[PDB]
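Report on one structure; see the data block that follows.
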6 protein chains.
Amino acid sequence: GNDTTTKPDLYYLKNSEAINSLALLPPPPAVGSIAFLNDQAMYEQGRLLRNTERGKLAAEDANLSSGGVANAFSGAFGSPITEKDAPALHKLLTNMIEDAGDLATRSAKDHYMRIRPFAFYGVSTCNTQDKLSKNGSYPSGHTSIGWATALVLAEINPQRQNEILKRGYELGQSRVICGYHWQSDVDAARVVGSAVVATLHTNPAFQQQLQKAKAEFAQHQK
Amino acid sequence: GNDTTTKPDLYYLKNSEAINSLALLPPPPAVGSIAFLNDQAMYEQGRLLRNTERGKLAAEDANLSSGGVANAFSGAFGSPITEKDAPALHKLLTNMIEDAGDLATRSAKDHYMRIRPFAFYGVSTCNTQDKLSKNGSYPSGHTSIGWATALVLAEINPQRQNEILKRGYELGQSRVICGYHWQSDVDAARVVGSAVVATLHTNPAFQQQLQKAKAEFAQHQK
Amino acid sequence: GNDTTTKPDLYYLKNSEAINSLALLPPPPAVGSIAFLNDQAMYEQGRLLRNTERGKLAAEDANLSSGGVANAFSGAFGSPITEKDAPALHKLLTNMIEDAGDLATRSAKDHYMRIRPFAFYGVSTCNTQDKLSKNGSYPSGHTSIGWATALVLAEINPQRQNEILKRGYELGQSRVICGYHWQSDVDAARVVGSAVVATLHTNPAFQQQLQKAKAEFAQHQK
Amino acid sequence: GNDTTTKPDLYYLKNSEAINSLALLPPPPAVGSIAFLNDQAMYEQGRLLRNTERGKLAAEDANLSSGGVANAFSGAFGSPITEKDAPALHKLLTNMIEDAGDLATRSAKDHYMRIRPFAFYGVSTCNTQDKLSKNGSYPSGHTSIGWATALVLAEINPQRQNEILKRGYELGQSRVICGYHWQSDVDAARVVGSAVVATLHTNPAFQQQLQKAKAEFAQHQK
Amino acid sequence: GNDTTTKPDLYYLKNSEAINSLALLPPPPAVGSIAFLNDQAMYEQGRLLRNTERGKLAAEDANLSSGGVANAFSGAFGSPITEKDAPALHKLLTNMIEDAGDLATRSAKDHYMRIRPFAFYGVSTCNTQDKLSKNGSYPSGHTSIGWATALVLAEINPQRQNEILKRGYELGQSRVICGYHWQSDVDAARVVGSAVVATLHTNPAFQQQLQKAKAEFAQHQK
Amino acid sequence: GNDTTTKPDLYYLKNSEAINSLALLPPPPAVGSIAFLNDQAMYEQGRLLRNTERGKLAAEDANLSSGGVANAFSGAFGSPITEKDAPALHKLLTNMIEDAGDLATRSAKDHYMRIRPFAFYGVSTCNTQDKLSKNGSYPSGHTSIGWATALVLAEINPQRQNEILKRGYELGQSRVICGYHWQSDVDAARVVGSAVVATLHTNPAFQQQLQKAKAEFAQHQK
């Protein structure tokens, strides 16, 4: 039920402006399906990656809160994405967190109530610090945030768009490797995460904050 | 090799501005994988839908050329998307066709050279009028166009964003039902189709044409 | 819509007395499911059996009309099940054909409208003489008849109950081997085929005809 | 080795009168088969249902002993099935418990010695009060009892036949959801459970007890 | 039934000296198994390779008769394996053809009578010049020959053992790619093909012919 | 890095003489593949065999060190294969242990670093006395030893070649049943285990030791 009217620091949009995820998305793969067989195999594979350097990154990524995703792009972006160094940018990206994380995922989350892999398996994640929810797996709100942030970051810095998009992609993949999400939750999440950035471009406040981040970035360039 | 410098009526962007699809996307499911088993089952299911009213629409959609996608949104959009009735809009959407269809899909297309389902199966499509290519299935350039158009349309008309996005989604699904594309080609295509609309928002000409389509739409509203 | 009131030679029961197959049965396996993967493998296996002596029997069985099932038990039963030799018996078994074949399968048939294997595969059966329906596969009305007949036959001749039940079982298996039905259609059919024989035992006319078949069988025994 | 001659309170039939389950039934799905893959997925799905209201019922059903199945139909039947209220009926249903549970399942049970799901998985059931056997899974004697009871109940009260059959069906499904049995054990069990009610109708004592239950039910009706 | 006593030009060994393939080998994957699912996917994959340069080689290899395998190693071996150039060698390798092709595969061939992929699929091979047998697929006699020849060639020229073994391996893989054999037939064939070279080393005539091929090769080396 | 020059008691061959396993072998089945699905099912099946008499043997076999494989053939061979009773033979077989176990498996082992089943599953083996490695599963060095020993044993005693080869086969199968190895590791291992016996026949010391074992066996025969 929250939105910009209750939490204007974390949403630009209203409840009425949300992507209807329940309407747009396909249902998650069901148990008994081949597509779920594949979700399982992707789980086991990520599981085997846990011991690697990519595994290490995934555990780190899995430690990210919604709030740390913005700064999680710094390396892809080419420069620190921080309150200190890029305040107009940090503010932009923070203020859209729950537009992407909540508004864009909610109706499908709440309807399907899907069990996460670690919970399905009665194990823990690769990670494993908050009191982990077992549920509302589909789609991934974290992946929706990471994808939506990559799309707006790619627009601010098209010179590094590919690195940015790949980071965005990988944030979601980290959740699959660490056992937080099925591959399909993360895939579904990139669809709604894209849709919400269309809506954000209709929003005056977003528009203005984006201009500011662009201007900031520009001066940044010398 | 084409781009805006060779075909400025069908691209806003340059070769250098393209999404590196080969870099961003996962490889397509391989034969021997469970994920390919699923692509197959999705093929057979779409195949069984061919006889239905959804099957009818998919055959119609499958008749669309890149150029007919814009107008294919008219019902979702709420009003005719035509040269006659919405010229600023039609122009916008046409001019980005190959940004989405080509630039955003090319490196992965050309690298993987994937076989389409009808060709894999040695059958025809649900459709079946051009001399069908057997290949460069992954990702789908048609689905990339349809998704990217839905994202920019959703921005022009957020009141109908959900209907618009669902139409966009379904254009790609039509290609799976009709046998033109594997489900994974269409899924991959929505990722690059989103990425290219980020890039388009960095482009002055696009920006200006989008303002015009917005203004046109506005007067349209009475 | 037919029943005993329209076709009293082929039903004992009324429409109101039918097994609600749509209510009782699980849905058929869907395309995309592992259970459908198994239906497919059972298809291919039966297909390979077509060349054998069991294949020969299945083609013969597949030539049976509903009316020929009764006599199709003669060998299992131990003696000819014919108008000539066992008229009280033949009459009993004929008069319940559509109770089992129709009434007991109808609501699920008509609701699911499932595609038969030969039609799914765009091939023919092992058989292949009537104008084959592509559809209403689930459940199998022929298997429902064969199972229900085996149950009532087993009651008349418990000395040969095992041979009788195995024949009953195999009639349905013949339809899987020949490509007429998915294994799941035949399995579903044995459930409703059993349910309808419970109902038949509540029916005065059935009861009386069954007494006659028992008496006939008795004199048959010397 | 028991039968009516050793335990005439729990069998109507003799050893010689049993359904030869080993002869009639297909072998259970083997490990390495797709049909076993499906048994597994049905296990995991039931497992996810454990938390629901259907899960609650399944745990309750899983607490049933053979003796409590009769009364487990009371709601489907429309009235209490109890020694107190429906003694002729309760007696009928009790006296056939092991005809269905044992005689009808024995040869296949003992031959295949199949491992139950909880034991396969080295876990417990949804339930989990007796010292659980790991083995003789195929077919399910509990499901055979529940199905056979539904068939004879459906005959006593055809007005509620559909509710009765659905309850019967669900008793077996409870065992799949709770982890006691593979879906295939329960499916196999409905086949032999039907066969044994054919045999029961040949048995004088059963016939007479069934008449009594019918008469009792009749007076019950006012 | 043939052997060295009937065809001493094509066998060194007798019937009594054969590898009992039926005894040693596992059964082939059955339809309904996951291992057969994999045989199928390996079929489809080879099928897609048919258009490539590896596809070209496989079609060529598929044109080989048993008699042409020896010379088919010339490139791996480093020098022509021909009657003209390496007669002692050519003779050795020819004289063991049916030891490997027949004796080592026969009992399993004849027992299982397995259907080849092209026949299973009702299609042709990649090849497709003799009147193709549909059957005795398991194991592959051609692959048994190619593997057994690679093992004896590797012994004559250990400097090129790796190239030789890889050629040997690939001869069998060519049969999978071209649709002549399931992957499992070819795998099974390498087991019996190895076993028969153990037996060949017990055979005086083989021993002597092998000494001659070694001596010939030696002079070949300058 | 060891070989005959460092450990001449356990290798006949040098590093340069090794089978290039990385070059020859296919990659192991990947997670996400159907072939891995099959490796899993073979794991679960062996797992269910653990309780049987074959299970008992597999646990015993799993207790074998490389050094105990030679004597593990005594029953197949027909007579004790021991330092006491068959010293020339025991010496032969010992001296080739690491040719088969190490040299023939190394490059593929070290490259793929595959996880063993018990480790994949986070369980123990059927066995479970050394500090079990989790890794270098593909191919199995133990199976390579057992197969290579069966091939050289079959040559010494062709009268018992079939029993010998079947024992050889089963040694590897024991590792699958006990959870030490995937079926594919064991299959891959029989390929390289055959290749190394070709190389061994090029080695003077091996040749001479083999003559001695043959002579010993001969006198053994009376």
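Here the Cβ positions follow ideal geometry from the backbone for every residue, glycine too, while neighbour counts run over all protein chains shown. Every read-out reported here was derived from the displayed coordinates using simple, explicitly stated rules and does not represent laboratory data.
Can you list, shortest first and in nm, the gaps between the label point of residue A:130 and those of its counterparts in the other copies, using a point 7 Å from Cα in the C-beta direction?
Residue A:130 label point versus its equivalents elsewhere: 4.7, 4.7, 4.7, 6.1, 6.8 nm.
Just name one of C:147, C:158, C:137: the one whose Cα is farthest towards the positive end of the charge dipole of segment C:75-158 (beta-carbon charges, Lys/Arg +1, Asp/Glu -1).
Checking the options against the dipole of segment C:75-158, the answer is C:137.
Under 11 Å from the Cβ of residue A:134, count the other residues' Cβ atoms, weight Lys and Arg +1, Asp and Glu -1, and hand me the total.
+3
Using the Karplus curve 6.51 cos²θ - 1.76 cosθ + 1.60 with θ = phi - 60°, work out ³J(HN,Hα) for each residue of segment E:78-86 in order, rounded to whole Hz, and write x for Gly and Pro.
x, 6, x, 9, 9, 4, 5, 9, 9
For residue A:80, place a label point 7 Å out from Cα along the Cα→Cβ vector, do the same in each other copy, and report the separations in nm, one decimal, smallest first.
So the distances to the same position in the other copies read 5.8, 7.5, 7.8, 7.8, 10.1 nm.
For segment E:146-186, what does the alpha-carbon gyration tensor say about shape, rounded, prolate or oblate, given a ≥ b ≥ c as the root eigenvalues, a/c under 1.5 as rounded, and a/b over b/c as prolate?
It is prolate, given that a/c is not under 1.5 and a/b is the larger ratio.
Okay, helix-only estimate at 222 nm for chain A: each DSSP H run of n ≥ 4 adds -39500 (n - 2.57), divide by all residues, round to 500 deg cm²/dmol; what do you get? Don't jump to the answer; show the numbers that get you there.
On the way: 12 runs with 133 residues, N = 222.
Only helices count here, giving -18000 deg cm²/dmol.
Of the GluC sites (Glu not before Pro) in segment A:37-94, which ones lie in a loop per DSSP and count no more than 14 other C-beta atoms within 10 Å?
Those that pass, being in a loop and sparsely packed, are A:83.
Would you mind checking which residues have amide H under 5 Å from residue B:33's amide H? H placed 1.01 Å from N; only 5 or more apart, or other chain.
F:34
Find the eigenvalues of the gyration tensor of the Cα atoms of chain D, then list the square roots of 5 times those eigenvalues as equivalent ellipsoid semi-axes, largest first, in whole angstrom.
29, 21, 14
Where in segment B:64-101 does the amide nitrogen come within less than 18 Å of the point 7 Å from the Cα of residue B:212, taken along Cα to Cβ?
Those under the cut-off are B:70-71, B:81-99.
Compute the signed sum of charges (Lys and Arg +1, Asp and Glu -1) over the other residues within less than 13 Å, Cβ to Cβ, of residue E:196. Present the calculation step by step, with values, prior to reporting the outcome.
Numbers: positive: E:14, E:106, E:190; negative: E:3, E:17, E:98, E:99, E:102, F:155.
Spelling it out: positives minus negatives among the neighbours equals -3.
So what's the net charge close to residue D:7: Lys and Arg +1, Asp and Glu -1, counting the other residues with Cβ under 13 Å from its Cβ? Walk me through the intermediate numbers first.
Working: positive: D:14; negative: D:3, D:9, D:98, D:99, D:102.
Net local charge, residue D:7 excluded: -4.
Strictly over 32 Å apart at the Cα level, which of D:131/F:131; F:166/F:214; A:56/A:84; E:212/F:14 would you flag in this model?
D:131/F:131
Can you give me the pair-distance distribution of the protein assembly as shown, C-alpha pairs, 10 Å bins, whole percents?
2, 8, 14, 17, 17, 17, 14, 8, 3, 1, 0, 0
So what are the ³J(HN,Hα) numbers for segment B:183-188, from phi and the Karplus equation (6.51, -1.76, 1.60; θ = phi - 60°), rounded to whole Hz, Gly and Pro as x?
My calculation for segment B:183-188 gives 3, 5, 5, 6, 4, 3 Hz in order.
For segment E:4-54, which trypsin sites (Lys or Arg not before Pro) are in a loop by DSSP, counting at most 15 other Cβ atoms within 10 Å?
For trypsin sites (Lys or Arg not before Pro) across segment E:4-54 that sit outside H, G, I, E and B with at most 15 neighbouring Cβ atoms in 10 Å, the list reads E:14.
Can you work out which chain C residue has the shortest Cβ-to-axis distance for the rotation that carries C onto D, and give it in Å?
Closest Cβ to the C-to-D rotation axis, residue and whole-Å distance: C:194, 2.
Per q in 0.14, 0.28 Å⁻¹, report the Debye log10 I(q)/I(0) for segment A:47-91, using one uniform scatterer on each alpha carbon and no solvent.
Evaluating at q = 0.14, 0.28 Å⁻¹ gives log10 I(q)/I(0) of -0.41, -0.96.
In nm, give the distance between the simple-model label positions of residue D:15 and residue B:23, each being 7 Å from the Cα along the Cα-to-Cβ direction.
Using points 7 Å along Cα→Cβ, the separation is 7.9 nm.
With every atom except the alpha carbons ignored, what do you get for Rg and Dmax of segment F:1-124, in angstroms?
Values for segment F:1-124 (Cα only, Rg and Dmax): 17.6, 50 Å.
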